[PDB]
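Some notes on the structure that comes next.
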Amino acid sequence: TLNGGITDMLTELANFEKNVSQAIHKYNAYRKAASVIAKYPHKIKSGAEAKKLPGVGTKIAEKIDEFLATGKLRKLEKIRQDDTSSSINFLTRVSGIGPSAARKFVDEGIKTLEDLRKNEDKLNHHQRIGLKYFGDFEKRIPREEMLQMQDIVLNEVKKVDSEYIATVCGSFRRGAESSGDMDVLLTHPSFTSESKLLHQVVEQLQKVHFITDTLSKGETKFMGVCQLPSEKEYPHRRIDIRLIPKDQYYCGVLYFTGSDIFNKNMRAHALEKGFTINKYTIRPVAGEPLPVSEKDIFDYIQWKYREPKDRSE
DNA sequence: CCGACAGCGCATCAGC
DNA sequence: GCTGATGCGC
DNA sequence: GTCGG
Ligand SMILES: Nc1ccn([C@H]2C[C@H](O)[C@@H](COP(=O)(O)OP(=O)(O)OP(=O)(O)O)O2)c(=O)n1
Ligand SMILES: [Mg+2]
Ligand code: NA
Ligand code: NA
Ligand code: NA
């Protein structure tokens with residue numbers, strides 16, 4: 001709360017730019033400024049003081065000046081009381097409903113969850129699911145449940161074929177006490193960079209009633225919903241399964257471990273050290289992909305190997 | 001003044 | 001029928 | 001929106 005007023009303002013502005021203005025880069029810019037200010041071990045007294053921090057420019061400095069001089073931001077106060085802007089912003093909290101669909105819905109007088117429920121025919125499959133589990137999808141998953149979820153995935157995966165390898169990634173692998181969802185990386189000897197693997201795994205997870213719904217499903221990427229077996233019922237949870245080639249495991253596990261800001265900074269720094277890095281390979285006009293552990297990637301771009309727990313940014 | 005800020009996989013829409 | 005663009009969520 | 005070409 002040292003600079004909580006400021007960081008709250010910037011985060012709120014960020015969401016507006018993403019959900020209403022449809023400006024993801026302004027969203028990212030506001031998020032970046034909020035993040036650096038949250039690390040600043042001082043009580044900010046002026047916009048010029050905040051201006052010194054990387055990610056804080058002239059506009060945010062001006063906004064901070066107004067906030068420190070009035071206790072509020074007129075632009076934000078007006079946004080909050082705007083019915084269409086607030087409705088658009090809220091509807092995007094439904095999975096499957098982005099800035100475009102939210103705006104279209106609000107233009108049609110559809111502004112609430114109640115409105116969505118009585119207009120189900122106007123929703124696609126993904127949106128219907130996002131609406132059905134609206135509350136559950138905004139719940140956090142305690143690591144203990146993540147462990148129980150991991151146990152089921154790992155057990156059923158081997159039950160299909162012992163050659164499969166499944167690894168839970170993302171926040172869980174970064175050792176978070178709670179996660180927003182579950183991210184699973186899957187590999188098999190049959191699928192390499194040069195040469196129904198995902199389908200069989202998904203089918204088995206459905207057979208034991210772990211997976212309850214499907215948002216999207218192709219040959220390499222699954223997005224769906226899962227639930228632990230009950231005793232009170234556990235909330236439904238979001239789960240992704242990604243099938244990547246086995247000879248590209250290290251780049252894959254690195255990317256899906258994250259975090260998103262961390263990956264964003266790794267891509268940037270790689271570009272400086274004369275590298276380009278994706279979820280598949282890392283290349284030196286680019287060259288041929290290099291042989292790879294995770295530390296190897298850090299070594300190419302000249303970085304000390306940070307454990308997953310230190311990859312928040 | 002002005003473009004990058006990564007871009008992928010899947011569902012769905014737009015159009016031949 | 002198809003290819004490509006767009007929206008969406010990573 | 002900020003940064004840097
Ligand atoms: N815009 C994004 C979103 C995600 N990721 C990567 C890093 C993440 O770790 C991983 C999985 O995405 P999640 O949304 O699940 O993020 P987390 O698992 O890290 O956190 P959460 O607990 O909210 O699920 O994909 C990325 O590179 N860029
Ligand atoms: Mg996750
Ligand atoms: Na600055
Ligand atoms: Na949404
Ligand atoms: Na996820």
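Reminder, nothing fancy here: chain letters follow the sequence lines and each chain counts from 1. When reading the values below, keep in mind they use all heavy atoms of this one structure, side chains included, and skip hydrogens, waters and symmetry mates.
The side chain of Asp181(A) lies closest to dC10(C), out of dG1(D), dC10(C), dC8(C). Of all nucleotides listed (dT12(B), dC10(C), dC8(C)), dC10(C) comes nearest to the side chain of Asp240(A). Of the candidates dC10(B), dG7(B), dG1(D), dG7(B) carries the atom nearest the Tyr255(A) side chain, counting heavy atoms from C-beta on. Checked against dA11(B), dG1(D), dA6(B), the side chain of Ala29(A) finds its nearest nucleotide in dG1(D). Nearest to the side-chain atoms of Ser100(A) among the listed nucleotides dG9(C), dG1(D), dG7(C) stands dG7(C).
Annotation: cation-pi pair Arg306(A)/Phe298(A) absent, no NZ/CZ under 6.0 Å from the ring centroid and within 45° of its normal.
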Quick test: give all pairs of protein nitrogen or oxygen and nucleotides 3-5 of chain D nitrogen or oxygen below 3.5 Å, distance rounded to 0.1 Å.
{"unit_1": "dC3(D)", "atom_1": "OP1", "unit_2": "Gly55(A)", "atom_2": "N", "d": "2.9"}

Using the ring pair (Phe, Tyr, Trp, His ring centres under 6.0 Å) rule, take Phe210(A) and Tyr234(A) through it: C-alpha gap first, then chi angles, then the decisive distance, then the call. CA-CA 12 Å; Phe210(A) 180 66; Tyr234(A) 288 98; over 10 Å; no

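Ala33(A) comes within contact range of no nucleotide atom at all, as no heavy-atom separation falls under 4.0 Å. Backbone-only engagement by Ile97(A) is indicated by non-hydrogen atom pairs under 4.0 Å involving sugar-phosphate atoms exclusively. Across all strands, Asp183(A) comes closer than 4.0 Å to no nucleic acid atom at all (heavy-atom distances). Contacts of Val36(A) with the nucleic acid, taken as non-hydrogen atoms under 4.0 Å apart, are absent.
The nearest whole Å value for the distance from the CD atom in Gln127(A) to the P atom in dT12(B) is 9 Å. Look at CZ on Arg128(A): it is 15 Å from P on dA11(B), rounded to the nearest Å. Atom P of nucleotide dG9(B) and atom CE of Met223(A) are separated by 14 Å, given to the nearest angstrom. Atom CD in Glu272(A) sits about 13 Å away from atom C1' in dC5(B), given to the nearest Å. Look at CG on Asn263(A): it is 10 Å from P on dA6(B), rounded to the nearest Å. Protein atom CD of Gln22(A) is 8 Å distant from nucleotide atom P of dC8(C), rounded to whole Å. Here the P atom of nucleotide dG7(C) and the CZ atom of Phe105(A) are 14 Å apart, to the nearest Å. Put simply, CG on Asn19(A) is 14 Å from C1' on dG7(C), counting in whole angstrom units.
Here the shortest heavy-atom pairing between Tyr164(A) and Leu186(A) reads CD2-CD1, 3.7 Å.
Note that the CG atom of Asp213(A) and the CD atom of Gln227(A) stand 9.5 Å from one another [nearest 0.5 Å].
A donor-acceptor contact shorter than 3.5 Å is absent between the side chain of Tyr30(A) and the backbone of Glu12(A).
When the P atom is compared between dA6(B) and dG4(D), the two are found 15 Å apart, to the nearest whole Å.
With respect to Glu77(A) and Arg74(A), no salt bridge is recorded, no charged nitrogen being found less than 4.0 Å from a carboxylate O. Taking the charged nitrogens against the carboxylate oxygens, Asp65(A) and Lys45(A) have no contact shorter than 4.0 Å, which rules out a salt bridge.
Applying the Watson-Crick and G-U wobble criteria (two distances, each under 3.5 Å), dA6(B) pairs with nothing in any strand.
For the pair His25(A) and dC5(B), the ring geometry qualifies as stacking, because the centroid separation is below 5.5 Å while the planes lie within an angle under 30°.
For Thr220(A), no side-chain nitrogen or oxygen approaches OP1 or OP2 of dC8(B) to under 4.0 Å. Between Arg238(A) and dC10(C), a side-chain N or O to OP1/OP2 separation shorter than 4.0 Å is present.
The ring of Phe134(A) has its center closer than 6.0 angstrom to the ring center of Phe90(A).
For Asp183(A), there are no side-chain hydrogen bond (donor to acceptor under 3.5 Å, both in side chains) partners two or more places apart in sequence or in a different chain.
Counting atom types as modelled, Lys221(A) pairs a side-chain N or O with a base atom of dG9(B) as donor and acceptor under 3.5 Å.
Using the sign of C1'-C2'-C3'-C4' as the criterion, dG1(D) is classed as south-puckered.
Stacking between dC10(B) and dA11(B) holds: their six-membered rings sit with centres below 5.5 angstrom apart and planes below 30 degrees.
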